[PDB]
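[1] Give me a model of this one.
(chains A, B, C, D, E, F, G, H, I and J)
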Amino acid sequence: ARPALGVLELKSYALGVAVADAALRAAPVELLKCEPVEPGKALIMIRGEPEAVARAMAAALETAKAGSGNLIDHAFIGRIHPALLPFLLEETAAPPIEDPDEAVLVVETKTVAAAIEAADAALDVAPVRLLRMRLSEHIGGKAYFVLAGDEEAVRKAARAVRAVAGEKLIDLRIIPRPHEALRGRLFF
Amino acid sequence: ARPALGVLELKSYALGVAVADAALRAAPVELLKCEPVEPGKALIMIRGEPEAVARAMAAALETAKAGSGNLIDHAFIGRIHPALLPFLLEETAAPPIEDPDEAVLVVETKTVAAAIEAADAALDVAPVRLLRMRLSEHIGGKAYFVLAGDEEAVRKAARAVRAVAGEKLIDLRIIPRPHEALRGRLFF
Amino acid sequence: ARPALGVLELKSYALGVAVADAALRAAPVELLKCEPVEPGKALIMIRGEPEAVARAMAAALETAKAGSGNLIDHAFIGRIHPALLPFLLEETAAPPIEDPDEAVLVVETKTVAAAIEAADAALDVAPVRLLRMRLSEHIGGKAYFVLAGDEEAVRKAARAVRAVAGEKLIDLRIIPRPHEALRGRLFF
Amino acid sequence: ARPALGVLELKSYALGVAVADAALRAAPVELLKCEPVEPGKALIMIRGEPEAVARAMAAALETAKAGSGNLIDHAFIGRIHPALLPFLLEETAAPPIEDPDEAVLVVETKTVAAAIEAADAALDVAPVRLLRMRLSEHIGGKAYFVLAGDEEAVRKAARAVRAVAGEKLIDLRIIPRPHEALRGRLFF
Amino acid sequence: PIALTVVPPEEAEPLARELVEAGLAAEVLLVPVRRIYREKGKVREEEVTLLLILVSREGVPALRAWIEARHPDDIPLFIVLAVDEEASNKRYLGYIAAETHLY
Amino acid sequence: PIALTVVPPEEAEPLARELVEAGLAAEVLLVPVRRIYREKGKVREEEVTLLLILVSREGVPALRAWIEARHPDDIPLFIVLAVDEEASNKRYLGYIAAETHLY
Amino acid sequence: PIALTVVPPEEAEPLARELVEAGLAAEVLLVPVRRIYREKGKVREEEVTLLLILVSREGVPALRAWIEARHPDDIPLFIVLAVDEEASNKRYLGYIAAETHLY
Amino acid sequence: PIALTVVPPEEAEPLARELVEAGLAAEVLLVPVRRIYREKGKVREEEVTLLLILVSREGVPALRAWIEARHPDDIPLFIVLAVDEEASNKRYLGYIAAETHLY
Amino acid sequence: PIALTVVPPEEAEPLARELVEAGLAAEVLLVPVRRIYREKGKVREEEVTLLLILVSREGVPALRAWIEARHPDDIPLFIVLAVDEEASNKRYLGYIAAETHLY
Amino acid sequence: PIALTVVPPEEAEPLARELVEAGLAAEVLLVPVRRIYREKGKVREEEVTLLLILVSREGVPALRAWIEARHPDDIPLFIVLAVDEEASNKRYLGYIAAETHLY
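    Residues are numbered from 1 along each chain as shown, chains lettered A, B, ... in the order given. Here you go:
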């Protein structure tokens, strides 16, 4: 439910396959992702125990030094939130509309690693819910997610998101009461 | 058959959700589209009565001023052509080859709003037919459409298209007699 | 099994339809491809007899001079390798893992024409196998392929690939022994 | 055996004589060096007790403010290593080859002060030996030294040298087993 | 960042609790130190408490204004330490920013 | 740089010794502090130990990964302080870099 | 800035008083810490005192030279912390600069 | 590129075969030419063999070193011709690069 | 430029005449050479004919396409040599360009 | 560079010897080739000799002027090949430059 996670982004798919092989050889982890994404990057995701994933991440970072400037971002979370896993495993269902009075927060970042880190921090701090999470899928390389909750909770999580994301944040918007027509598409 | 239409393009999906909410609250319209498109834009489409759609477009433009320079294009048509609607509603069928001697005109523009405006103007002016209409779908953010008719009619519509599109036109080509092998793919 | 092949890349889809029509009219060839691809290009592929395909390629190059600087790349192969055809025709199956000790070579290029030329040269020179071949499909306009064989054979083919591709090569990597988890995704 | 040392480098020999006079007047120290060196610098070295040398260094730094930007580097060591002194006093003998299996570390820096500081730090940290030490003598203004020891000891000292030297390091190389012909010239 | 202030040992916890419960700081650590300073040209010696305050970059101006508008002595100690954010735990920096209620 | 973490007083020395003997840090200083923090909207009060870890600029990523992969609490405290290297003792900075075994 | 040095507990106050009364530092805070370090490849454990020295940017070179010309051990600890001056109390920074007699 | 050397007619094939079988050149063509040159100020006339060597851009330095370290005469003929690669058959250039074993 | 191809000795003149009379080349020179190449890892030896084709810069793409669409072997030899036009006879370069009928 | 001219087989050696002994070229190689060309719209066929002239970059203008001021046919063949000097034997390039007497 709460394993460790490691994320790497590289400019080359060829170096991505080399990096993934080094990570898999170093420690007994499970490869969640190794594929090219927009706009011509490579995304690698692993999971397992915190010590094994840390060992694999160190080995993968060693190999990436072969490509001068080929590393875009990376992250490592020692214990992922339970709400993050269904969206990463790609097997998920649309959450119900438990409260029509909930506000929404829409966040978009440049990198996948920044999005996963900011979402995990926001979920751990404020009492909010994750409605949507899209990871660089035909949107020009950006990533975005949507959080739901009260107005005070959402503004608290906006503070956490702004701090974690840093200079990789593209935009952040809070909508106090979504319309009925919008609520159908957002809650998906 | 001939309602009003309003189109907005924005650089941010977060501001797109805010703009869509303001438009829906202002007037009783129907939201046709609110989604991210290539290369990282947001597309919003509404329909209804001319006065309601004009009211919603004014309100949406007010909200877009929050994002400094976030508005890319917009348009508002008081009465859409009957031939445009099946392609916008996404439920359409391949038109038949009513005349093999028809010429074709292929037009591509930078923005979706310019394409819809140019197509509506060309259809209202010259006696031509709309064969295809693709709106920023994995083609690097461009949009394109294909018109069919006689040679004189097609060159008349090319004049209208060049005037309406303006500086958002990318290319324009007239093919006097398409080959049999090409005619299959074009008429789709 | 081994016909001739001709490839053209253009910046405009409108000029792509014009170029395809001229090529089809010049010689009795078969149109394999005419579509827009990322990041806003046009790809045209034909096949037939070497003399007919050469005639069509000459005519198509004449039309492309109308677009000043619109030609990106082109190639013409007098006899394609038998292993290339299933990947170009899009009807292919995942090759079996005939030897777990095989090394892999991952190559990515800027253009489709460079990828097809480099793959054909490498297959003709060294005793290697083609595992995967992706032609500008939602990866930011790049193309890539994967070759498999012994270590000596793979390094021989890397020399051929570097020479043919030239300045259109993006990256090239040799992985001596892929992991079991990686081998599943690579051999696809 | 272990007195204090102070080093100053200046762009002008005329200001070097002024600085040396101020330092000598301030405290009872011994002038080890006052001469022009390549590529047109001035080198001043003093020795004595830690409090006297600190007093002289403060006075010398006051005078150097007359020359705007004339100070290149300076350093002050409260207790020099016993192995440094024979090379600074210029009366030294070639160390014997106590172990042919020793590795060597060759370090070159831009300034004399950086070389003396890095050598003293490396000698204090790891169990290594100083074989050679040349201080800006017809080599274009650079300085270099050579250390000898085991492989683990030499790599430990390389870490210390990189930290102390900082941006004044030019190159650093570790040779695991020097050849017999090279060993004659290196051990000199 | 981290802000350092020095207060007499008696008013350490009252100030710290009132600083946290008012939302001006996410966290406070208290260290009993021994202070050597010059008063009227003579070296004195007193026992004080050192406060390490964890606040966000946006709550610093409110914290400084709140401190010297209430600090007992004539010249309050208030030093802000630069924190290297790229090598720090980013999820804790988010916790610091969220628990510093702007109000 | 200097890294600050907070641990309960019982597991301070075991963590510090295991951190140094494994080559992840050249030196550790332990300070008993008193912690005031907000838990469930109420101001709490606990006794902890503050760890000042002296590590090189290259051993920081290994130290951060080692800390939060083993830290007990949900959000570990890990703050890295910027050190002005031009005014510091350069021979100690070399000692820090050499005693931080990369492994 | 703030300079950190570590001395044995016996010579803490004598060094601090002599450092302040000589005008080399405006203020010194003394903290009893517990030190874990590696000596001859074995993890040792000793009790020391941590000195937090408040000095101006101009008195740093005199302070560093004064410290390592008199420090007992072979490699003295001397780390200078970068202070963010724009968010700090500016009237205290003036007090620090004025009480650091250049001499 | 293409490299041109001139050798006496007897040692043409032995040199060519030994050059190809050692992987220093992908291909060699041999042409019997007639040579007119000046020796000791007098125009001479001899029969030789012209070698056209097809090698890659990376195997040129090894080929030149191999040639003049073994060439009989005092000043060996070794001229490299620039090849326009954009108008040449690219699949043959790949064959040349692959058959020139770097070793 | 000058293009070099290698063909078996029997089909040399038929190919050359058909190449000139079709306007694809202004001029062809035929040289009987002796070819040493590696086939299946063994050094072979065959007699061929070397073709030196004089064509203009505009007729090169048509010539290359015409050659490999009709060349017998699997990998045809087609190398284009760069010609220094500023030092060459310019009236012959005009003859080459005029006799290469674009068609 | 290398210059190529074509002459009838009878006047090959007289022209080559007179070209070398006059100092206009360091070296000449003679190859009997077979020429296919178009005369009056009909493909003809004649036997000629191909001359490969080794001259320096400074003796080229004198060589071209000397050739077409004495060449029999109306449009003389004179093509200069670009030589890649960085990968060629530099001591032979010096021999070529020294044996091309400027006069």
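[2] what helix or strand is whatever residue of chain A ends up closest to chain G on?
    Across chain A, the shortest distance to chain G (Cβ to the nearest Cβ) belongs to residue A:163, at 16.8 Å. No exception for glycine: its C-beta is placed from N, CA and C like everyone else's. Under the criterion of DSSP states H and E, residue A:163 resides in helix A:151-165.
[3] right, and the helix or strand after that helix?
    Under the assignment DSSP H and E, the closest C-terminal helix or strand after helix A:151-165 is strand A:169-175.
[4] Walk me through which strands that next one pairs with, and which way each runs.
    strand A:103-109 (antiparallel) (DSSP bridges).
[5] now the partner strand and helix A:151-165, what's the angle there?
    Between strand A:103-109 and helix A:151-165, the angle comes out at 10 degrees (axes from the mean of the first three to the mean of the last three Cα atoms, to 10 degrees).
[6] And the strands in the chain?
    You didn't say which chain, so I picked chain A. A:4-10, A:30-37, A:41-48, A:71-77, A:103-109, A:129-135, A:143-149, A:169-175 (DSSP state E).
[7] Not quite, go with chain E.
    Going by DSSP E, chain E shows strands at E:2-7, E:27-39, E:42-54, E:79-81.
[8] want to throw the ones you listed into JSON lines with distance to chain H and mean neighbour count?
    Shown next, in JSON lines, are those (distance: least, Cβ to the nearest Cβ, whole Å; neighbours: other Cβ atoms under 10 Å in any protein chain shown):
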{"stretch": "strand E:2-7", "distance to chain H": "57", "mean neighbour count": "22"}
{"stretch": "strand E:27-39", "distance to chain H": "62", "mean neighbour count": "19"}
{"stretch": "strand E:42-54", "distance to chain H": "59", "mean neighbour count": "17"}
{"stretch": "strand E:79-81", "distance to chain H": "56", "mean neighbour count": "21"}
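[9] closest to residue D:71 out of those strands?
    Judged by Cβ to Cβ, the one of those that comes nearest to residue D:71 is strand E:79-81, at 30.2 Å.
[10] OK, contacts around the residue of chain A found nearest chain F?
    Closest residue of chain A to chain F, Cβ to the nearest Cβ: residue A:50 (3.7 Å). If a contact means Cβ atoms under 8 Å, 6 or more residues apart in numbering or on different chains, then residue A:50 has A:4, A:78-79, F:68-70 as its contacts.
[11] check contacts around the closest residue to it other than its chain neighbours.
    Nearest-residue entry for residue A:50: residue F:69, 3.7 Å, with adjacent residues in sequence omitted and distances by Cβ to Cβ, 6 or more residues apart in numbering or on different chains. By Cβ under 8 Å, 6+ apart, the contact list for residue F:69 reads A:4, A:50-51, A:53-54, A:78.
[12] Let's see that with 7 Å instead.
    The contact partners of residue F:69, by Cβ atoms under 7 Å, 6 or more residues apart in numbering or on different chains, come to A:4, A:50-51, A:54, A:78.
[13] now residue E:76
    E:5, E:67-68, G:89, G:92.
[14] What distance do you get for it to chain H?
    Distance, residue E:76 to chain H, by Cβ to the nearest Cβ, to the nearest Å: 71 Å.
[15] Which residue does chain E have closest to chain B?
    For chain E, Cβ to the nearest Cβ, closest residue to chain B: residue E:94, 19.0 Å.
[16] Hmm, residue A:119 and that residue touching each other?
    No. Counting by Cβ atoms under 7 Å, residue A:119 is not a contact partner of residue E:94; they are 10.8 Å apart.
[17] So how do I select the buried members of the contacts of residue F:69 in ChimeraX?
    In ChimeraX, a selection of the buried entries from the contacts of residue F:69 looks like this (16 or more other Cβ atoms under 10 Å in any protein chain shown):
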select /A:4,50,54,78
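[18] Make a markdown table out of the contacts of residue F:69 and add distance to residue A:155.
    As requested, the contacts of residue F:69 are exported to a markdown table (distance: Cβ to Cβ, whole Å):
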| residue | distance to residue A:155 |
| --- | --- |
| A:4 | 30 |
| A:50 | 32 |
| A:51 | 37 |
| A:54 | 34 |
| A:78 | 27 |
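[19] Tell me which two in the contacts of residue F:69 are the farthest apart.
    A:51 and A:78 (9.6 Å).
[20] Up against chain C, what does chain E have?
    Within chain E, no position lies close to chain C (Cβ under 7 Å from any Cβ of the partner chain).
[21] How about chain A?
    Residues of chain A lying close to chain C (Cβ under 7 Å from any Cβ) are A:12-15, A:17-18, A:20-21, A:24-25, A:31, A:34, A:36, A:38-40, A:138.
[22] Burial check on the residue in chain E positioned nearest to chain J, number of neighbours?
    Nearest to chain J in chain E, going by Cβ to the nearest Cβ, is residue E:86, at a distance of 46.0 Å. The local packing of residue E:86 (other Cβ atoms under 10 Å in any protein chain shown) involves 8 other residues.
[23] Can you find the residue of chain E that comes nearest to chain H?
    Counting by Cβ to the nearest Cβ, chain E gets nearest chain H through residue E:86, at 41.6 Å.
[24] OK, contacts around that residue?
    Contacts of residue E:86 by Cβ under 7 Å, 6+ apart: none found.
[25] Once you drop chain neighbours, what's closest to residue 46?
    I'll assume chain A. Nearest residue to residue A:46, sequence neighbours excluded (Cβ to Cβ, 6+ apart): residue A:29, at 4.4 Å.
[26] look at chain E instead
    residue E:35 (5.1 Å).
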